[PDB]
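The data below hold one chain only, encoded as structure tokens and taken in the form deposited in one PDB entry.
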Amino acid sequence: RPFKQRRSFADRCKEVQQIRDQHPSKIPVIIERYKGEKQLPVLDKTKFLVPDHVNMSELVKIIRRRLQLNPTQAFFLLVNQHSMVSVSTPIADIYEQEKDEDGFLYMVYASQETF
């Protein structure tokens, strides 16, 4: 079940508030497998605390490693449906632009881009 179906909006806000206090320099990220996805396995976990200086292009490589893929297997990590592969922007900056109203930054991964 998606993260948002599992935790109320209030409980998500509280969780981000706590992460601000316990890990002030990490961006709180939710990474989830696209609903239709067939080729790629599910990640071992959903919630990621990412140091705010990490480039989005590095995050892409990190999640790919976590999936233990070959360099044959296509992988896309998307933020509000934008692929992050070429994005050298620090996650701190994407966070400020794209954070959910609950304070989490949501991402979705897939073996294809839709358009």
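What we label the rigid core is the largest C-alpha set whose atoms superpose within 1.5 Å from one form to the other. All residue numbers refer to positions in the sequence shown, first residue = 1.
One more form of this protein should be noted, the form deposited in another entry, which is absent from this view; the next part is about it.
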After fitting the rigid core, tell me which of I31, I63, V50, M84 has its Cα displaced by at least 2 Å between this form and the one not shown.
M84
Indicate closer or farther: the Cα atoms of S83 and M56, in that other deposited form, relative to the displayed form, with a change of 3 Å or more.
farther
Compare the CA separation of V85 and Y95 in that other deposited form with the one in the displayed structure, and answer closer or farther (the difference is at least 3 Å).
closer
